[PDB]
Structure formats: structure tokens, C-alpha cells
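The form deposited in one PDB entry is given below as one chain in C-alpha cells.
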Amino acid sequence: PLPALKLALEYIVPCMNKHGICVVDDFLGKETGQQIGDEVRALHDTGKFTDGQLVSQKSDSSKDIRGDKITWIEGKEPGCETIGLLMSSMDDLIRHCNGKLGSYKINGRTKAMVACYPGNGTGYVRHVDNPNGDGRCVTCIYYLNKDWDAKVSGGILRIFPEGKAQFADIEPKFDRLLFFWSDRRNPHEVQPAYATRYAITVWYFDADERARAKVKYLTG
């Protein structure tokens, strides 16, 4: 990947503060991207994926909301070394953004969500990643679909940034890295996918909001 300092300070930071969405294409290069693809396909082939879940579960099936199957990756697992390198490269960019992404203080993140929409028209209805203050402030997604033709296979991530005259269509392009504010400024949907679609997400936490959310959880 490119030098983290310049990419963070001269592109990611201004793009995020002005637009709340930032696309970095050709993030890791073809070789590393293909190694990540092989690791993800191996997770898929060995039965690691389970139905994607929601923050709050009511009467409805999760599959009426999101049709993907996922697994959580810490980064040090055998067979996930290149996913780990991806996560460390994401983290390096974020660390070089310290104190420049809005008013957030980013001290931590989730594990990586490796997610697959297995074609068949699966998608994710319009939603907000963090609508009620669970600590998530930045969503970071890496796409790894070599040969994706969105005009036939669908799977576009459509974001509706608040206050803007146009929505943002993000094709799940090979080696594309995406950042966006996780809060209600960026409702978004994964449009139906007609081929197997892979992406890896980490969510970065704002320290004070995440502390408040942990307190709420630990007190009931």
C-alpha cells in the first residue's frame, strides 16, 4: 500500500470531513488482493460463514433484512494472514488520522466482518450502521471481487449521504477501500447481488461514545 501518512492527511481526512465518504481504489495491489480473495474463499468453502445478524432482534427473520453470511476474523488466525495485513493497513491509515476525523477520538475497532452475499438476489435493506450510539464512528470496507460487472451482477452499495443532491453508488470493485461515517448521516443499502459478492468490514470506535455504550450494556 501507499505511504499511510500522505494518503490519510491529504486525501482521507479532507474527503471524510467534506463528504463523509471516501473511496481509495487499488489499495493493496493485485497480488495482495488475490491472496485475500483466496483466504476469503477458503473461509466460505470450509463452512465458517453464518447468517448475518442485527443489533436488536424482534419477531422478524434476519434474512428479511440482510441476506449475507459472515464470520469474524481477528487477524492472527492460520489461513487469514493476508486479511490480517489488510486490517493492519486499515489501522495504519486510521492511526495517521488521529484527531482529524471530525471530533472523534478513535482508540479501537471491531474484529473484521468477512461477509458474502451468495448471489440469488441477496442484499441488505436500507439501514444505518450505528443509529443509536453504540460507539461506531467510521465504517471501513474492503472489496475483493475480481471480475465484478455490477450492471449484470448488481450488488451496488448505495449510500444516501444526508443533505446531498446525489446519492453515492459504490460498486464492490476489486481492491477498493471505502470509508464512511457510521452514524445516521449515511443510510445505505446493498442492492440485490446476482453473483457471489465478498467484502471485509471493520468499524472504528469513538472512545467516549464506545465507553458510554459499554456502560449501558454492563448495567443492563
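Superpose the two forms; the largest set of C-alphas matching within 1.5 Å is the rigid core. Residues carry their position along the shown sequence, with the first being 1.
The same protein also has a form deposited in another entry, omitted here; what follows describes it.
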Inset, instruction - Could you check which of 51, 169, 45, 38 shows a C-alpha shift of 2 Å or more between this form and the one not shown after a rigid core superposition? - result: 51
Inset, instruction - Compare the position of the CA of residue 65 between this form and the one not shown after a rigid core fit and state whether the shift reaches 2 Å. - result: yes
Inset, instruction - Indicate closer or farther: the Cα atoms of residue 210 and residue 51, in the other entry, relative to the displayed form, with a change of 3 Å or more. - result: farther
Inset, instruction - Would you mind telling me if residue 55 and residue 155 are closer or farther apart in the other entry than in the shown form, C-alpha to C-alpha, with a 3 Å or larger change? - result: closer
